[PDB]
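Chains as they are written, first to last, in PDB author numbering: chain d, 2 to 116; chain Y, 4 to 170; chain N, 1 to 341; chain h, 139 to 186; chain J, 1 to 167; chain K, 1 to 93; chain e, 2 to 101; chain X, 2 to 175.
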């Protein structure tokens, strides 16, 4: 368009495709943390980092859950934030009259001559 | 008593101007004075205590007056209001600092420093910004800030309604 | 929960008392909660086993009691001359209430008691005063809205808070000065916003919590002890000590995440000058932390001879260095935190 | 572009505090109503 | 008149309080202060109920600790000075004659004693403490009393934790 | 002025109490006794306000119950302190 | 009343701690206010409770009314000092005790 | 608080006859007076109870005092010695003015009333009960609710929440 519409600019028109990494990143970050923490545990205790994999599996399980649990909370959180902002724009159209897009041919800026 | 240094032209009402500064000068002077008389000097008696307060306050009067008059002198005669004007203002202030401190090097270096201070101060006065502007935003919590209630008393209905008048 | 069972009891009563304050509806209720905090904390602080604990107790009591006295008093005045808890505007009625609260939490001009305290306190007792005895007065400072007083506090909250830290050789006093500086950041952050202040305190709680919790573990009380504390490899001597730099919040240490958050929102308020000053002093804070880390960055120092083995609790050590590992690699959790929006 | 919009809206919404969101400070008459109820409960109760 | 005379007696005793340094002399001074303050709050109250209360808790029981532990005695008894007494008498009298002079009413509080309430007030014809102390026990403002008693219980757990340092 | 004629006396006494709290005394007992006088004045300000209020009056007990506990804690730590050092004298500080 | 941030179940003890409203003439004014504070929050409401806060404060605070009396009686004394009022006129008639 | 624009009654309006009776005088004739004139009082101080502005209750108040005046004039004419004695007991007998110390005179005074008007002494608490009465003033104040049209709104639970736009909309989407 040629019309700087705040609402339509904000509206979830889409065009946001998650990566193969986009959702998976948190699970393979928290689990990687917990696994590394268990290796950290054995490293300081002078125990084999491999040894006692029950600690590593449990750390992985808890972390994975939290990342998935918290990924969910964010997505709800972000959705609500958009809802309020769209609501406030709809509430005060007078405060945010839709603005018109122009082109450089209609403007005069000041440049910097290196010379 | 109640005047503003920076609410007038940069070359007018010297006396009112210095007063609007000297108040913000004396505040620091006596403020440090009560702060240190009880820590280091601890001079038993009231005249000795008057001495420490006098020793502390006078020099800061010297600093403010020296800065003000030199810079006021500039605009009166140099006829302009420039960053350089406050720079000579700061040079004079630290020259007074060296004079009282009886440390020639310490006064001169601070005089350069105070000139930088005045330079930045003039930049604020002339570029329409401020060091400690009031806040444009003051937040009180997440979006669910209204939803973080966990109380367990039943609330009977309200006496007010958002709905439009029905007359 | 240090030695006795009563530690659990007084901690519980303390929690209830402070929780009253943060949930208090009116100044009086907040004052009530504060005094209950005053009760519950004195016995923990005043261990009957040694001496130094007891002297800290009179100073803590003799200070907090006056703080509560003035706080309630100034409350009555404000909530007389305004006949309402939320005054229309901040006048002389209200600055006294902050001056009460600032002393209670140990802010810039009202701090001298706070270093003298540290001598008496043991580690986790100190820790507990460091973290939790500063919630309630700060959350109240939130309600009070006098810009300039907070600003003078923030100005002076780092100058002394770092210059003194340069001078101290007793770890007890360094933690005092370290926090007074950090307290400078909370106070500014609360002048700006509260949600960010909530976050920053929490990360500060976490960081200070892990820090002193290992010092408790190994009972390292003096810079000499740090240089002398045996470790088998003198490598975990260095891996564990990264957190001393997480104090300064340098990016790859997770202390940056809060400092970044405060800086971002603060400059969004456009108090650029204030940022410069606090952030100038931050370097002095990080300066003596390197002064601490001379013990571990280089390896294979000169050591005492008699020690052959070094030992510590399972529970404390097991908890401790999980918190450390997070202090090492915390940033990549950038996604996991969603409370900043 | 959207980020600049968000800040502007956040600027307005903080200046006016219209909307029950980040820049809001909900109050509560619940406790006053409750005390109002207790007063009602005991006025009718007065007298044996 | 009683009210402002009672101010005067409190002022004079307060001047006594800030001078005296012997612990008994100070503790004695508190004792008088308490009677005076009980009298004064009673006058401006609906009745003297609270005055009797805080008398027997504050003075009757709790100042016993202060005098008792301040039985250090200084190892020697008072050297009473008839001069501060005479000044106390002197300052009292012309304050007292001024009290005779001062404006009869405007120099008085405005609070509403049971008598200074209007006749129509149907509530005022109940037992003087009935309606005042009602909500100390009636819900939902009575649990705080439960907090008080447990606070006092916990206070004893604390005292036996501090007062039991190896003996 | 309302405060000058009504809330003035409580102020003058309260400030005098604090100054005596920061004066010079052989031991801390004079301090504890000083803050104790302040509590009575604190009660005085509190009651005249609670008297503005028809039934909120009862809050006296809440303040009194709390205040006596401060005093008890005050005497508690002092008395344990004599017992520790054989003295709680300010020269020990 | 300043808003507890957390609003946890232990605001449930002190929120109704001590109430202006009950059995108070000013209490009617408290309700006239506190409803609005609920409507406009605590910051816009504090902006838009001009009359509500004025009268609510005046009822309990008595500032405006009481200070009106203080000047009113001072002025009586002032004319006496100038000598306008003599031994008789210096005071008015006594209200019948059974009044007010 | 009162101003010259406010409305007040006339001196003449206030100027009506009053009882002039003592405490013992009233407290003696209380019971047999209460049931003769209670409608006067009931509607009188009912309007006072519901509505406090006394400017309107002046008329019914005049009725109340008149009605009591009428009763005692009847007492004056019919039973003087009996009533006076009962009054003399009720104060001389006790400093608390309790009916439980000269009931014999109370009985004989009741006899005289029984002979003159044949009225019955009301119950122990005939006036202690509630008074449910008829409406004569007929002025119920209006029950109303306030309306703040521009109150601060939030996000209703029905407002659609389209899934988020541009991830977390943060620096690098993360």
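Where is the CB? At the ideal position from N, CA and C, for every residue including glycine.
- Using a Cβ-Cβ cut-off of 8 Å, residue 126(X) does not count as an interface residue toward chain Y, since no Cβ of chain Y sits closer than that to its own.
- For residue 164(Y), the pairing in a beta bridge is given by DSSP as 148(X).
- 25, 26, 27, 28, 29, 30, 32, 33: these are the residues of the segment 25-36 of chain N whose beta carbon lies less than 9 Å from some beta carbon of chain e, given in chain order.
- As DSSP reads the structure, residue 101(d) sits in a beta bridge with 4(d).
- Look at the segment 141-173 of chain X: the residues with a C-beta under 8 Å from a C-beta of chain d are 154, 156, 160, 161, 162, 163, 164, 165, 166, 167, 168, 169, 170.
- For residue 185(N), the uninterrupted alpha helix (DSSP H) segment begins and ends at 171-192.
- Residue environment analysis places residue 146(Y) among the buried positions, since at least 16 neighbouring C-beta atoms fall within 10 angstroms of its C-beta.
- A direct Cα-Cα distance of roughly 55 Å separates residue 11(e) from residue 63(X).
- Remark: C-beta atoms of residue 173(h) and residue 22(e) approach each other more closely than 8 Å.
- In terms of Cα proximity to residue 311(N), the closest of 252(N), 230(N), 287(N), 241(N) is 230(N).
- DSSP lists no bridge partner for residue 50(J).
- Where residue 82(d) is concerned, the enclosing alpha helix (DSSP H) starts and stops at 54-92.
- For residue 97(X), no alpha helix (DSSP H) segment is defined, and its DSSP state is neither H nor E.
- From the beta-carbon of residue 88(e), no residue of chain N is found nearer than 7 Å; the closest lies around 39 Å away.
- Residue burial is scored here from C-beta neighbours: residue 157(X) has fewer than 16 other C-beta atoms within 10 angstroms and is therefore classed as exposed.
- Against residue 100(d), chain X offers no close residue; the least beta-carbon distance is about 20 Å (beta-carbon pairs closer than 7 Å).
- Each residue's CA atom was taken as its position, placing residue 22(J) and residue 74(J) some 7 Å apart.
- Identification of chain h residues near residue 138(J) by a Cβ-Cβ cut-off of 7 Å yields 176, 180, ordered along the chain.
- Two segments are said to touch when three or more pairs of C-beta atoms, one from each, lie closer than 8 Å; by this definition the segment 27-34 of chain e does not touch the segment 35-52 of chain N.
- Here residue 14(J) is not near residue 99(J), since their CB atoms are 8 Å or more apart.
- A straight-line Cα-Cα distance of about 22 Å links residue 52(Y) and residue 26(Y).
- Chain order gives the chain X residues near residue 66(e) as 2, where near means a beta carbon separation below 9 Å.
- Taking one beta carbon from each stretch, the segment 150-160 of chain h and the segment 15-34 of chain d have fewer than 3 pairs nearer than 8 Å; the two do not touch.
- With fewer than 16 other Cβ atoms inside 10 Å of its own Cβ, residue 123(X) counts as exposed.
- Here residue 81(X) carries a coil assignment [DSSP, helix/strand/coil].
- For residue 21(e), no pairing in a beta bridge is given by DSSP.
- Within the DSSP secondary-structure output, residue 27(K) pairs in a beta bridge with 89(K).
- The Cβ-Cβ distance between residue 215(N) and residue 171(N) falls below 8 Å.
- Between residue 126(N) and the set 187(N), 191(N), 211(N), the nearest pair of CA atoms involves 211(N).
- In the structure shown, residue 11(Y) falls within a coil segment according to DSSP collapsed to helix, strand and coil.
- Secondary structure remark: continuous beta strand (DSSP E) runs of at least 3 residues inside the segment 107-162 of chain J: none found.
- DSSP, read as helix, strand or coil, puts residue 33(X) in helix.
- Straight through space, the alpha carbons of residue 156(N) and residue 109(J) are spaced by roughly 44 Å.
- Within the DSSP bridge table, the entry for residue 222(N) names 170(N) as partners.
- Fewer than three pairs of CB atoms, one per stretch, sit closer than 8 Å, so the segment 220-240 of chain N makes no contact with the segment 261-278 of chain N.
- Short of 8 Å from the beta carbon of residue 101(d), and not among the five residues preceding or following it, lie these beta carbons of its own chain, in chain order: 3, 4, 5.
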